[PDB]
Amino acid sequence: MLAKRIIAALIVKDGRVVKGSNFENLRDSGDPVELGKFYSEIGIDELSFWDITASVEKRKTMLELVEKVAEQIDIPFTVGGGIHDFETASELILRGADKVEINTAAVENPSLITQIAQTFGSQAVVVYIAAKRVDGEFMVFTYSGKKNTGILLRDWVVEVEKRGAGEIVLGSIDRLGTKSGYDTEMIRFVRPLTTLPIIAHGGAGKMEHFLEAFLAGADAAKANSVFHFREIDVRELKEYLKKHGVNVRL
């Protein structure tokens, strides 16, 4: 096992952190660049930016975001979504992003994974897999949970690795937003199907959820509002995890 990673996820729109931040020490607590800079200073391992701008502004806003973030931070960052083709992924990586996160366009064109990997390496290619239980099967969902693709999680995972992806963000639509814990059953289901790093996403509410997700086989854990609304202190979380046997970077 490589050291576990703790990832702060920021939802951004029109250059702003959606829903903001409770950090009163910051000049603009809704500024994604200063928010991410703060995170890198207090021990977050990577950032993840997820843009929900509506084009015509999207493309320019996302490039501008990555340009500004890369000015200010030293730690790895990922950008997504609405990433639909190689040209879009490529400009974002070139402008400063370490990795891109793709979901819907990867499901609809799995060779998109391979096109990007062929130029930027597998490590630059994160596949976000959103899944949910449907009649007792884990099914893959696209379009921000709007579409049941009818594809089994089991099959998609294996395919994603085969096409050349470097990491899988495993999102549980069953736990997303709930603060009730990571979907450790989903993680344990995926763990033996792939040699790729698995990032848990969806469900974080307290520090113990992270320990549970790492026991399940996650390589990393991503969270949003528990960090921004300061329900979990990043330093406390890492101390907590190290205390209980987790190999985290301190």
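Residue numbers run from 1 along the displayed sequence.
A.B. asks: Given the B-factors recorded for C-alpha atoms, which segment has the greater mean, 201 to 209 or 23 to 31?
C.D. replies: Here the higher of the two C-alpha B-factor means belongs to 23 to 31.
A.B. asks: Using only C-alpha atoms and the B-factors in the entry, which stretch averages higher, 104 to 112 or 173 to 181?
C.D. replies: Higher mean C-alpha B-factor: 173 to 181.
A.B. asks: Out of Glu71, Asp98, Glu159, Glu91, which one has a C-alpha B factor higher than all the others in the entry?
C.D. replies: Answer, based on the entry's C-alpha B-factors: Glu71.
A.B. asks: Can you tell me whether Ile75 has a C-alpha B-factor in the lowest, middle or highest third compared with the other modelled residues of the same chain?
C.D. replies: Its C-alpha B-factor belongs to the highest third of this chain's values.
A.B. asks: Going by what the PDB entry lists, where does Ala54 fall on CA B-factor within its chain: lowest, middle or highest third?
C.D. replies: Highest third of the chain for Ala54's C-alpha B-factor.
A.B. asks: C-alpha B factor of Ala220, ranked within the chain: lowest, middle or highest third?
C.D. replies: It belongs to the lowest third of the chain when residues are ordered by C-alpha B-factor.
A.B. asks: Can you tell me whether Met186 has a C-alpha B-factor in the lowest, middle or highest third compared with the other modelled residues of the same chain?
C.D. replies: According to the entry, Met186 has a C-alpha B-factor in the chain's lowest third.
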